[PDB]
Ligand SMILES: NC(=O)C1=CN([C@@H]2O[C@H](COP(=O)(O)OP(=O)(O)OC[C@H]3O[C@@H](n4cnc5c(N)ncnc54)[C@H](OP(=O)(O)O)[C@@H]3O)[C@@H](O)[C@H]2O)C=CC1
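Consider the single chain below, provided in structure tokens and representing the form solved without this ligand.
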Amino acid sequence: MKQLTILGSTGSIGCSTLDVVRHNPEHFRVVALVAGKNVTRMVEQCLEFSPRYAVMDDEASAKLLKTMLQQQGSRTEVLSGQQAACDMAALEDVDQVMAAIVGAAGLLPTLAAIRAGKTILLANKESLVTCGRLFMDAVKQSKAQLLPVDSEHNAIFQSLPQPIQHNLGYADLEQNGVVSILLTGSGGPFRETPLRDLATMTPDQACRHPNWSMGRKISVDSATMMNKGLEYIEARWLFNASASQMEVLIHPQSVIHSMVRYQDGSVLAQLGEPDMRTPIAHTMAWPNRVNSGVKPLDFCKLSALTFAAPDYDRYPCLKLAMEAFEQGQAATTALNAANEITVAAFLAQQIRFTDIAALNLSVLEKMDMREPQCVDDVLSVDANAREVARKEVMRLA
């Protein structure tokens, strides 16, 4: 009977984790729900699971949730602010923490759940893209169990050997028989578009396109593969890998979520439906399993499976993210940062598609950075990179 705390219990991955707790009530219990402003879905969930706690980002919002919970009689106690969240993450009697609150918002609560040595359902990129050095040391220190929920990492983890699974981060790949890790990705919708044509690409040609893909910003990240590359950054930290023990493969159909290469030639892989309840269920049930309400992969009703290597000319955002890792957590925190600006510039139509790569590039250049050292060094490197970025979209007016 595991007990959890969800950080971002109102977003996509939050509800999926709640749909997972719902169909498996015999093993899971909510002790705390943490959200941002959706007081609306939060009451519903507090009403359904009845966490001992509910936390919202501001008092304005809590004083209202506190109110609708009042209406229903929900004994659920309401708190507010960031501290409240970190306190739910470090909660004494809590077993796992679905670190699904994204952005910089989540760096501290994910960290507080880490510091407390808890099984961590790591459901946010930024935690390792910006605070990777810190976060992994915080794990060594307290022996917190990282369990990645991201489709790719979930698959790479499931495909790894056991003694590397219990020591996530300090488990040496190569000594335990791993030749390399196979990070796979669709390759974006402009994978076969002639190179001189990526410049004339519109936002409508890249935005939530089929077979495991549906999100405004990440479509441009799937399209530029700034997404894969950023998962290269987390992979490297998460699994303790060196650029030689890494591989990025274009797998258009996204059936194979990602693989792991071994010494004797065996390649271990994971596949299933794109549904996030699969990796949310795996991580929660581990080292056992539970149902999630997801479809058994019909290998018949399926597309043919192909692969390819990325063309670093067609996907510059990936070579950037690879070199960015080689420069330090300041270069990747600022690369993640400037990228959100630029992608955004592209979606509003301020710069060409091919300008996201070139500009994220520039900010990374025009900025002599120095490795961070806490959840604040990282915040700052982000606000300086955003600024070199917001200011860069500008010269193109």
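Throughout, we count residues from 1 along the sequence that is shown. What we label the rigid core is the largest C-alpha set whose atoms superpose within 1.5 Å from one form to the other.
Keep in mind that the form solved in complex with this ligand is not shown, yet the notes after this line are about it.
Participant: This ligand is absent from this chain, but in the bound PDB entry, do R29, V97 and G117 each have a non-hydrogen atom within 4.5 Å of it?
Facilitator: So, no: the whole triplet misses this ligand.
Participant: Which of these residues, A321, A113, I101, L128, gets a heavy atom within 4.5 Å of this ligand in the bound PDB entry?
Facilitator: By the 4.5 Å heavy-atom cutoff, the listed residue in contact is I101.
Participant: Could you tell me which one of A105, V294, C207, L198 places a heavy atom within 4.5 Å of this ligand in the bound PDB entry?
Facilitator: In short, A105.
Participant: Using the partner position in the bound PDB entry, report whether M276 sits within 4.5 Å of this ligand, counting heavy atoms only.
Facilitator: Looking in the bound PDB entry, residue contacts with this ligand include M276, since a heavy atom lies within 4.5 Å.
Participant: Does any part of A35 reach within 4.5 Å of this ligand in the bound PDB entry? Heavy atoms only, please.
Facilitator: It does: once this ligand is placed as it appears in the bound PDB entry, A35 has a heavy atom within 4.5 Å of it.
Participant: Can you tell me if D57 lies within 4.5 angstroms of this ligand in the bound PDB entry, counting non-hydrogen atoms only?
Facilitator: Answer yes; at least one heavy atom of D57 falls within 4.5 Å of this ligand in the bound PDB entry.
Participant: Mark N124 yes when one of its heavy atoms lies within 4.5 Å of a heavy atom of this ligand in the bound PDB entry, and no otherwise.
Facilitator: Yes - in the bound PDB entry, heavy atoms of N124 and this ligand come within 4.5 Å of each other.
Participant: Which of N211, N291, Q327, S142 has its C-alpha displaced by 2 Å or more between the shown form and the other one after core superposition?
Facilitator: So the residue whose C-alpha moves 2 Å or more is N211.
Participant: How does the C-alpha distance between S213 and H251 change in the bound PDB entry compared with the present structure, closer or farther, given a change of 3 angstroms or more?
Facilitator: Those two alpha carbons end up farther apart in the bound PDB entry.
Participant: Between the shown chain and the other structure, the Cα gap of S213 to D19 differs by 3 Å or more. Is it closer or farther in the bound PDB entry?
Facilitator: The answer is closer, because the C-alphas of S213 and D19 approach each other in the bound PDB entry by 3 Å or more.
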